[PDB]
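Student: only geometry, no sequence info:
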Ligand SMILES: CCNC(=O)[C@H]1O[C@@H](n2cnc3c(NCC(c4ccccc4)c4ccccc4)nc(C(=O)NCCNC(=O)NC4CCN(c5ccccn5)CC4)nc32)[C@H](O)[C@@H]1O
Ligand SMILES: CCNC(=O)[C@H]1O[C@@H](n2cnc3c(NCC(c4ccccc4)c4ccccc4)nc(C(=O)NCCNC(=O)NC4CCN(c5ccccn5)CC4)nc32)[C@H](O)[C@@H]1O
C-alpha cells in the first residue's frame, strides 16, 4: 500500500466520525429537553465547529498534503481556512472548560453571569478570533512576496504559512494558552474537590469522636473540652456551608443547649444533648452532609471529565506543533520520519472531532438519549 | 483648582501635541521624495494612529472619567473605542520595530519581502488585530449583565470594561507582548553590532599584522606562512558578507602573491603584498567603507529602539501595573486619585511622542521639519 493512500484512507475516516459523532450530540440536544441548558449550548456550538472541521477542514487539509501547481494567494486561502476551523474547536472547547469552572466554584453567581445572552456572545468571540488568527497571513504575513512557472507554487502548508507564524503566533497563543487555561481550570476544580473533602471528614470525625468521648467520658472536665471542640468544628462547617444555613443556626443552638444542659448537674442531659447532636440523630447534620456530598461526587465527575479533556487535548495538538518548533529553531538538526509527521496531522484532526462526544458519553443523561436514537431512528 | 479641571486641561493639551507633531511627521514624508521608503511608511502609519488618539480617544477617555448617566452599551461603545485606538498605536509602533529588525539583521531579503503591498498588508494586520481585541467586550465580555435609574450606569471605565479583560487579556497581550517583542528587537540589534564589529576588527588586525610582518618579514618561507593566515582571514571576511566582486579579486591577489612567494622571496613577495596595504588596496578600502557605514547606522537605530522601548515602558506600565494591583489585590493600599489619573496621562503621552522622537532621530526628518517652519512663518 502507498504512503499517501493510507494517509487519505485514515484521514477520511476521521472526517466521517467527525460528522457522525457530532450530529448525534446535535440530535440529543434537539430532542431531550433536560439537555438544553446553558452548558450544553456550548457542546452544540463545539459540535457545530467540529462538523465544519469534518465537512470543510479535513478535505482542505488533504488538499494541502498534495502540492499541486496553484497560485499563491489561492493556496493561501485553503491553509487559512483549515486554520480558522481548527481555531474554532480549540476555542469552543475552551468555553466548555471555563463554563464548568463557573458552575462549580462560583455556583451562587452562575445564573446571573452565564445567561443565554453572553453564551451566544462567548461563542461569537471564539469564532471572531478564529477568523482573526486564521486570516492573518492573507493580509500580508505570508510567503510569496517574491517548478510551475511564474505565479504558481507547490501547494503545501509550510510553503504558504510562515513557520514563525506557526511558532511565535499560532502555537504560543491558540494551543499553548488554551491548554494552560484548561490546565489551570482542571487543577483549581480538582483542588477544590480535595479541600472540601478533607475538612468535612475531619469535622465529621471530631463530632463522632467527641460525642463518643462525652458518652463514655465521665468524672472529669473532658466534657467541657469536648463541647468546645464540637462547637469549633460546627462553626468551621458553617463557614464553608451556605436548608443548610437555617439548619446550621439550629445546630449551633443545640450545642448551646448542650452547653446549657452541661451547665448545672444535668450531666445525663449533656450526654443526651451530645446524643441530640450525634450524627445518627440530627436532621441538620444529615442535611449538611448530602449537600457537601452531592457537590463532591458531582464535581469530581466534572473534574475527571476535564482530566480526560486536557489529557486528550495536549496529547493531540502538541506533536504537530512541537515538530513545528524544531523545524524553525533547529533546522540544521534532525527531523522526524515521513510517516511520524503525518500522524501528527492525523492526531490534530482527532481532538477536533472526538472531544464533544467524550464529555457527552461521560454524562448519564446523554448516554440514555444516545441509546434511544440508535434503537429507534437508526434501525 | 480642581483635580478634574486639571485632568481635562492636561488631557486636552496632550490632544494637541498629538495633532501637530504627527501631521508634521506626515508633512515631512509627503514632501521629501527620499523619505518615501517602506520604513517611513510605517512611521507615517504610526503617526496617523497617534493623530486619531488625540482626536477621538482622548475626547472619549475624558467622557469616560465623568461617570455620567448613560446606557451601558453606550458607555461600552465609548470605552471599547478607546481600547481599539490605543491598540493600533502600540501595534503600529510594533510594526516599525519589526521592520527595523528585518532591515538590520536580514538585509539581503528586505526589499524582496517588505514591499509596499505587504506594508499595506502588515499595517492592516495590526488594525484588524485591534478590532478583534478591542471589540471583545462589546461581543459579550462586558459588565452590564447584572444612581441613574435602570439600564444606565455611571459612565466610568471600570463600570463597562471588566478588569479580568484589562489584566488576563488586554495587558497580557497588548502591552506586555508588544513591549517585550520590541525589547528583543533592540536586544538582537544591540548584539548584532558587537559581532559585526569583532570579527572585522579581528580580520583587519590579522591582515594588518601579517602584511606589517611581510613588510619587515625576513627571507625564507616565513613570508609564505604569513600569507596563509591572510588568505584564511580574507575568506572569513568574505563569508560574513559590487562588494563580493572586490573580494574575489582580493583573494585573487593573495593567490597571485602566493605563487611568487613560493619561489623567490626578496623580490616577488614585496610587490603584490605591499599593494595589499590599505593604500594600494582598492578592494580593502571599499570593504572598510561599508562596515563603517553599516555599524554606526544600526547603533543609531539601536539607540533609537532603546528610546522607543524606554518611552513605551515609561507610560503603558503605570496604568496596567495599577490595573493588576486593583485586580489581584483590591483590598490592599491604593494609589491616590491624582497618581492613578497620572497613569492615564502617562499612557496618553507616549501615544503622541513616540513616532516623533524616533522620526526626530532620523536626520532626513530633522531637516524636513525646519523647512516647513520658515515657509509657514
Ligand atoms: C489550531 C491551529 N491549527 C493548525 O495548526 C492546523 O493547521 C495544519 N498544520 C499546522 N501546521 C502544519 C504543518 N507544518 C509543516 C511541517 C509538517 C510537515 C508535514 C507533516 C507534518 C508536519 C514540516 C516539517 C518539516 C519540513 C517542512 C514542514 N504542516 C502541515 C501539512 O499539511 N503537511 C502536509 C504537506 N507537507 C509535506 O509533505 N512536507 C514534506 C515532508 C518531508 N520534508 C521534510 C522534513 C524535514 C525537513 C525537510 N523536509 C518536507 C516536505 N500542516 C500543518 C494542521 O492540519 C493543523 O490542524
Ligand atoms: C490598548 C490599551 N489602552 C488603554 O489601556 C486605554 O484605555 C484607558 N484605560 C485603561 N484602563 C483603564 C482604567 N482602570 C481603572 C483603574 C484606574 C482608575 C482611575 C484612574 C486610573 C486607573 C481603577 C483603579 C481603582 C479602582 C477602579 C478603577 N481606568 C480608566 C479611567 O478612565 N478611569 C477614569 C474614571 N474612573 C474613576 O474615576 N474611578 C474612581 C477612582 C478612585 N476609586 C478607587 C481607587 C481604589 C479603590 C476604590 N476606588 C474608584 C473610582 N481608564 C483606563 C486608558 O485611557 C488607556 O489609555
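Tutor: Looks like it came in fine. Residues are numbered from 1 along each chain as shown, chains lettered A, B, ... in the order given. Ligands and ions are numbered 1, 2, ... in the order given.
Student: quick one: secondary structure of the residue of chain A found nearest ligand 2?
Tutor: In chain A, the residue that lies nearest ligand 2 is residue A:132 (15.8 Å; CB to the nearest ligand atom). Every residue, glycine included, has its C-beta placed from N, CA and C. Secondary structure state of residue A:132, per DSSP: H, G, I helix; E, B strand; the rest coil, is helix.
Student: strands along the stretch 101-250 of chain A, start to end?
Tutor: Ranges of strands within the stretch 101-250 of chain A are A:152-154, based on DSSP state E, counting those that start in this stretch.
Student: so which bits of it are right by chain B?
Tutor: Selection of the stretch 101-250 of chain A residues close to chain B by CB under 8 Å from any CB of the partner chain yields A:112-113, A:115, A:117-118, A:120-122, A:124-125, A:128-129, A:132, A:135-136, A:139-141, A:145-146, A:173.
Student: in stretch A:136-147, what counts as buried?
Tutor: By neighbour count on 16 or more other CB atoms under 10 Å in any protein chain shown, the buried set for stretch A:136-147 is A:136, A:137, A:138, A:139, A:140, A:141, A:142, A:143.
Student: list the contacts of the residue nearest to the residue of chain A closest to ligand 2 when sequence neighbours are not counted.
Tutor: Counting by CB to CB, 6 or more residues apart in numbering or on different chains, residue A:132 lies nearest to residue B:132, which is 3.7 Å off, once chain neighbours are set aside. The contact partners of residue B:132, taken as CB atoms under 8 Å, 6 or more residues apart in numbering or on different chains, are A:128, A:129, A:132.
Student: just give me the closest of the residues you listed to ligand 1.
Tutor: residue A:129 (11.3 Å).
Student: domain ranges for chain A?
Tutor: Using automatic domain parsing, the domain parsing of chain A gives A:3-174+A:336-378, A:193-291.
Student: would you mind giving those domains as CSV with distance to ligand 1 added?
Tutor: Formatted as CSV, these follow (distance: least, CB to the nearest ligand atom, whole Å):
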stretch, distance to ligand 1
domain A:3-174+A:336-378, 3
domain A:193-291, 30
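Student: the longest helix along chain A: what's the following helix or strand?
Tutor: As assigned by DSSP state H, the longest helix anywhere in chain A is helix A:283-329. Sequence order places helix A:338-361 as the next helix or strand after helix A:283-329, per DSSP states H and E.
Student: that next one versus helix A:283-329: what angle between them?
Tutor: For helix A:338-361 against helix A:283-329, the angle by axes from the mean of the first three to the mean of the last three CA atoms, to 10 degrees is 160 degrees.
Student: distance from the chain centre to helix A:338-361, please.
Tutor: 17 Å (CA atoms, centre = their mean, to the nearest Å).
Student: C-terminal to it, what's the next element?
Tutor: On the C-terminal side of helix A:338-361, the nearest following helix or strand under DSSP H and E is helix A:364-373.
Student: tell me what angle that next one forms with helix A:283-329.
Tutor: Here helix A:364-373 points in a direction 80 degrees away from that of helix A:283-329 (the same axes, to 10 degrees).
Student: chain center to helix A:364-373, what's the gap?
Tutor: So, by CA atoms, centre = their mean, the centroid of helix A:364-373 is 21 Å from its chain's centroid.
Student: same check, this time on stretch A:337-354
Tutor: Using CA atoms, centre = their mean, the offset of stretch A:337-354 from its chain centre is 22 Å.
Student: over to stretch A:350-366?
Tutor: Its chain's C-alpha centre and that of stretch A:350-366 lie 11 Å apart, by CA atoms, centre = their mean.
Student: for stretch A:240-250, same thing?
Tutor: Distance, centroid of stretch A:240-250 to centroid of chain: 31 Å (CA atoms, centre = their mean).
Student: same thing with stretch A:177-187?
Tutor: What separates the centre of stretch A:177-187 from the centre of its chain is 9 Å, taken as CA atoms, centre = their mean.
Student: so, in contact with ligand 1 or not, it?
Tutor: No - contact of stretch A:177-187 with ligand 1 is not found when judged by CB under 6 Å from any ligand atom; the minimum separation is 8.6 Å.
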